[PDB]
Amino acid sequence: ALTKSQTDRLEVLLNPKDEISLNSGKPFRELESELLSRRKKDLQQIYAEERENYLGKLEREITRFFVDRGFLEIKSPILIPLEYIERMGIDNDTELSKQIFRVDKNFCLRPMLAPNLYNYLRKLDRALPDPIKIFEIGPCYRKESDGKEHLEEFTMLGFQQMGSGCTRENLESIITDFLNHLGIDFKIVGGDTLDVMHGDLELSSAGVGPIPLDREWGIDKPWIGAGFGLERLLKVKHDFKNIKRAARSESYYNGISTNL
């Protein structure tokens, strides 16, 4: 009979599409040697043929999707002023105040893209024709309790449109086209606030402005937008049981264990 620790070891080596049962009568050492062999071949194949990282390649696919649809690709600072968090309405009554990675006296790792997107919307409105369509992909940081759905270091897609055409229908059409393009099943459940759900997993929270917070950021126009976690998308796409398989990590490469 396999010990719980032995079973832990084998599941780190197991692939979702693997069709091997750790409940058969085969000893640990051979089940382990079997899976080690498969995982080395998986990496050998990636090394020989494609060589692209899941998270990098997804960011590039999401980028071409939004560029082709008219959204300006933004790359803004990850290390942001702590004041941006207060100006987002994040008091201490909210959960997210406890979750901030502080850096100096006045800085933090950004837990969200909304402050920088807001700032880009305000500035670009003096130069670009209506509507203004932007998006960003990059790291975000939140302190979290251990979760199969939460990382402390993750990657956020955020997009936002300001001005004409900022309706909920249009926002749902963007979400729908986007996840149908990626091959990710979802349901949309719900100014407006809506969530994009995969079963009980939140893929995205989206929103329809104007909202009173906009005033603090110099925004006085309608808008629509959404944020998606890239690792959650990978988790669903590749059927990973734990989101750590999809993270920036030294433990996993494209969901294959690197401890062989």
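In this text, residue numbers run from 1 along the sequence as written.
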Looking at the deposited sequence, how many residues between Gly190 and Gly191 were given no coordinates in the entry: none, 1 to 3, 4 to 9, or 10 or more?
4 to 9
Looking at the deposited entry, does 75 to 83 or 89 to 97 carry the larger mean Cα B-factor?
89 to 97
Please compare 31 to 39 with 222 to 230 and name the stretch with the higher mean C-alpha B-factor in the deposited structure.
31 to 39
Which of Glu59, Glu49, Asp68, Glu52 ranks first by CA B-factor in the deposited coordinates:
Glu49
Among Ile20, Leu13, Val236, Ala247, where is the Cα B factor highest in this entry?
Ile20
Could you look up the Cα B-factor of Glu152 in the entry and say which third of the chain it sits in: lowest, middle or highest?
lowest
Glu169, C-alpha B-factor rank within chain (lowest, middle or highest third):
middle
For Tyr118, the third of its chain into which the C-alpha B factor falls:
lowest
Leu194: CA temperature factor from the record, placed by chain third, in the highest
If you rank the chain by CA B-factor, which third does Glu136 end up in: lowest, middle or highest?
lowest
